[PDB]
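So the structure is just underneath, and the comments pick up after that.
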Amino acid sequence: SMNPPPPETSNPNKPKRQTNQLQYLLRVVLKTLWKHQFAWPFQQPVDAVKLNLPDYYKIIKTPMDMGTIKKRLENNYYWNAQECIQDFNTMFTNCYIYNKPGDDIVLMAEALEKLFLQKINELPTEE
Ligand SMILES: CCn1cnc2c1c(=O)[nH]c(=O)n2Cc1ccccc1
């Protein structure tokens, strides 16, 4: 029932890049999802205490959320786009595993995911 430490968002010894695909992930993908009306549950790590989800971290071993991804993008955490695309996919998967089909949180994730898949379809060519 306690919250774990958050996912890592700073590591000076992790090598990094700034790249046109990573810039697209921030300016197009993250921004598009973040401004959506259903973003709010996904904008920060799950607070299992606040939300009364005492089993959440027993089930979900690789937590991920858009607050973390926004910090990873803004803090230049990544080496490549794959890593950031994987974070989005982990966030959606976690929601589909934890919750019941058709629960409001699930519909919310499916709506975000639709937009995510469209933007990823459109990923720019690597410069
Ligand atoms: C996506 C992470 N997350 C944030 N809040 C959540 C969840 C979750 O997986 N399951 C949940 O039950 N809630 C609570 C919640 C349900 C419905 C709408 C809003 C918040």
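For reference, positions follow the sequence shown, starting with 1.
Contact record, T62 with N94: O-ND2, 2.9 Å, taken as the closest heavy-atom pair. In this structure, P45 and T68 approach most closely via the heavy-atom pair CG-OG1, 4.0 Å. The heavy-atom pair separating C95 from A109 by the smallest distance is SG-CB, 3.7 Å. Between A39 and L33, the shortest heavy-atom distance links the atoms CB-O, 3.4 Å. A pairwise comparison of heavy atoms in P63 and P7 identifies O-CG, 3.5 Å as the closest pair.
In terms of modelled atom types and a separation under 3.5 Å, the side chain of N20 and the main chain of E127 share a donor-acceptor contact. Side chain of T32 to main chain of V28: a donor-acceptor pair is present (N/O by atom type, distance under 3.5 Å, no hydrogens or angles). Checked by atom type and distance alone, the side chain of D65 never pairs as donor or acceptor with a backbone atom of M91 at under 3.5 Å. Between the side chain of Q21 and the backbone N or O of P124 there is at least one donor-acceptor pair closer than 3.5 Å. Remark: the backbone N or O of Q82 is paired with a side-chain donor or acceptor of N80 at under 3.5 angstrom. Judged by distance alone, with hydrogens and angles left aside, the side-chain atoms of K71 form no donor-acceptor pair with the main-chain N or O of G67 at under 3.5 Å. In terms of modelled atom types and a separation under 3.5 Å, the side chain of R17 and the main chain of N76 share no donor-acceptor contact. Counting only distance, with no hydrogens or angles, the side chain of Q43 and the backbone of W34 share a donor-acceptor pair below 3.5 Å. Within the 3.5 Å criterion, the main-chain N or O of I105 finds no donor-acceptor partner in the side chain of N99.
In this structure, the side chains of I120 and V29 come closer than 4.5 Å at one or more pairs of heavy atoms. At a threshold of 4.5 Å between non-hydrogen side-chain atoms, the residues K31 and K70 do not count as touching. Annotation: side chain of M66 is in contact with side chain of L30 (closest heavy-atom distance under 4.5 Å). Within the 4.5 Å cutoff, the side chain of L117 has heavy atoms near those of the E113 side chain. The shortest distance between side-chain heavy atoms of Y77 and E8 falls below 4.5 Å.
The line from CD1 of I59 to CD1 of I97 is 10.0 Å long, rounded to the nearest 0.5 Å. To the nearest 0.5 angstrom, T90 atom OG1 is 12.0 Å from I85 atom CD1. How far CG of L73 is from CZ of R27: 12.0 Å, rounded to the nearest 0.5 Å. Atom CG of residue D87 and atom CZ of residue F92 lie 11.5 Å apart, to the nearest 0.5 angstrom.
For the side-chain hydrogen bond (donor to acceptor under 3.5 Å, both in side chains) criterion with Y98, the lone passing option out of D103, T93, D55 is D55.
Classification of the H36-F38 ring pair by plane angle, with boundaries at 30° and 60°, yields tilted.
Using modelled atom types, one finds no donor on one side chain facing an acceptor on the other under 3.5 Å when comparing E122 with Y24. Side chain to side chain, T19 and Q23 fail the donor-acceptor criterion of an N or O pair below 3.5 Å.
Both the sub-6.0 Å distance and the 45° axial angle are not jointly satisfied by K16 relative to the ring of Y78.
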task: Please assess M2 against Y57 for the test side chain to side chain contact (heavy atoms under 4.5 Å, CB included), listing each intermediate value before the final yes or no.
output: CA-CA 8 Å; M2 284 180 69; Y57 289 110; over 6 Å; no
- request: Check the pair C84 / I69 against side chain to side chain contact (heavy atoms under 4.5 Å, CB included), numbers first and verdict last.
  value: CA-CA 7 Å; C84 180; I69 293 165; 4.0 Å; yes
query: When you look at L22 and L26, which way does the side chain to side chain contact (heavy atoms under 4.5 Å, CB included) test go after all the steps?
result: CA-CA 7 Å; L22 281 163; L26 183 53; over 6 Å; no
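Note on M108: it clusters hydrophobically with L115, by side-chain heavy-atom contacts below 4.5 Å among ILVMFWY residues. Under a hydrophobic clustering in which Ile, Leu, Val, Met, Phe, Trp and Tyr are joined whenever their side-chain heavy atoms come within less than 4.5 Å, directly or via other members, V106 and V46 fall into different clusters. Hydrophobic clustering (side-chain heavy atoms under 4.5 Å, transitive across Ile, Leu, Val, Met, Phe, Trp, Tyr) groups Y56 together with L51.
Counting heavy-atom neighbours within 6.0 Å of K50 NZ, excluding the residue itself, gives a total of 12 or less.
Salt bridge status for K14 with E83: present, with a side-chain N to carboxylate O gap under 4.0 Å.
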